[PDB]
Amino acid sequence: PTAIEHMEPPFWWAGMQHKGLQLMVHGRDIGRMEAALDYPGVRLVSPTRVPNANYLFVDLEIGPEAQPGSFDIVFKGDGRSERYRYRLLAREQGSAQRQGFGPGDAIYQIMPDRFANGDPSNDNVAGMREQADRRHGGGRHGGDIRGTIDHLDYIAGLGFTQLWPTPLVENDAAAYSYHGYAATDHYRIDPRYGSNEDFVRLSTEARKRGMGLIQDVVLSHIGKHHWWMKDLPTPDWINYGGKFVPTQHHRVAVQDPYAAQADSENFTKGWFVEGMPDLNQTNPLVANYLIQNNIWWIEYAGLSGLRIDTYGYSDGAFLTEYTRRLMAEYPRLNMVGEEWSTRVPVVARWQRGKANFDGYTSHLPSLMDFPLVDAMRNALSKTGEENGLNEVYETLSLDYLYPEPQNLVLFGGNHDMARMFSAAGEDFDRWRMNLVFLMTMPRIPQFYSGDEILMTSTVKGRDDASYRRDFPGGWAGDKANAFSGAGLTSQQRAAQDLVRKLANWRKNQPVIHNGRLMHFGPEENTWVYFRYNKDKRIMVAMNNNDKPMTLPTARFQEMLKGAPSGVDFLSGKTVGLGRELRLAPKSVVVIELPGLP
């Protein structure tokens, strides 16, 4: 095999917070060599050997005195010599202080294969294992970075300020490569999406249009076609010695006073599925590898933050160290973990600042708010319930369990669950209530591409393909084009208009970003809440019934303080508030009022 086949990370930076840098070098008999270098400020620590002759780990300490530049690392032995020109880049100004996504932002989520096909010629790349098939629900359809860049003005125009694509890193599988969650090369964009440089350009073009770029990272597992699997770096690189042993998904076992170690180990070491080998993050070489790789992406691509897949499936102690390291580099960053639970205590456990019964500590800033999303979907779909909205109110009342509930990501939907419009029973009026809720809660809102034109799916069970249909207009020849509005129905257009109206409005509402929330217990499926501060009040009121409802306003006086009326932002009409609030069937109002003293 090639001289040096992989050098990882391939370059680094001067002036990082953490001085240490561990290079993973791969090439035939490279482990039989000895490394050497000469550069002021950089110290070579000295080999800690591994049994595999095809890998060498090189431990560097990059002092604060080390300057941007480059130097040769020279590997000598077996009467031969290999070189690698190592570069230490200068950091962009303000790099460490970069502002992560937060309450003022709204995130638009895409799956890059399913959004826009800007270059059909990369749909297939010579040498790769899967051929594209737009007619297969689990196939590659051909979306790419060019297509995403082409439509950044659309996304910004809709009122979004962050872009979250599901993973773009190489997934060279024979089938189901499209989704990105089984990496085969952590340091390379899948060529079907474009180049590493194209991904950097995506970040720079998004930034020009006022948008941050949030990368989707998997830490727990890889794809079985990862080049590591051909020649395991160490016998314990992959959990269970590289052999498939399935997890049974007992997520509470890592945070349960009654837990069996068998179940905790099975959660964090168990293979998610057979095609997804599980990384042993208890091996410090694996821990360092992932930590450095994610830092490399943030620094190289100028990311505003990360979304961290399958969060608790990684080793707990690794997660503590990983979050500490990432947040030490980038103190203002945001990272949002995916803890798939509808139980607030389960999600809350992972957030930075939480006092845990077992002393578990974390620097993770954010989690996906599955409990609150589930609650609202139940309320809007179970329309025969007298007071289904009570589930939302009670779930929200548990916010004290989170150190920073305002930093959680609330979403209309995502690529793993029923389409937002379908979850609302294709009821446009109830869908409006969900959208208003999303845009007014004390959360960071996230929206899934395609929901703005009411794309539908199955609702029963798990049906990935139905949640991931191509965006209309992303492909040459499409009869309808949501980017231009061509071929949309009046209802689809009304949806898109409302998203654009609300998201753009939200950008300019500090009271939503950091004001207080006071909500009232729902009664007969009507719900009133306020966002407030001394400058502004926003009153949201929902009537989740197919009959009109009238709410005496005496109930709300600690918020209304005698306000006789206010203008509803949705309709532009003045709404009476002096003695009663008259709500039409299936209505929602967003009443804007002066400050609360």
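Numbers for residues come from their place in the sequence shown, where the first is 1.
Taking the PDB entry as given, 188-196 carries the higher mean Cα B factor of the two stretches 389-397 and 188-196. Higher mean CA temperature factor, per the PDB entry, when comparing 63-71 with 45-53: 45-53. The PDB entry assigns the greatest CA B-factor among 487, 312, 233, 180 to 233. Looking at 221, 519, 460, 516, the one whose CA carries the top B-factor in the deposited record is 460. Among all modelled residues in this chain, the alpha-carbon of residue 355 has a temperature factor (C-alpha) in the middle third. For residue 528, the recorded CA B-factor ranks within the lowest third of the chain. Only modelled residues enter the ranking. When the CA B factors of the chain's modelled residues are split into thirds, the value for residue 242 lands in the highest one. In the PDB entry, a CA B factor belonging to the middle third of its chain's modelled residues is recorded for residue 321. Annotation for residue 476: C-alpha temperature factor in the highest third relative to the rest of the modelled chain, per the entry.
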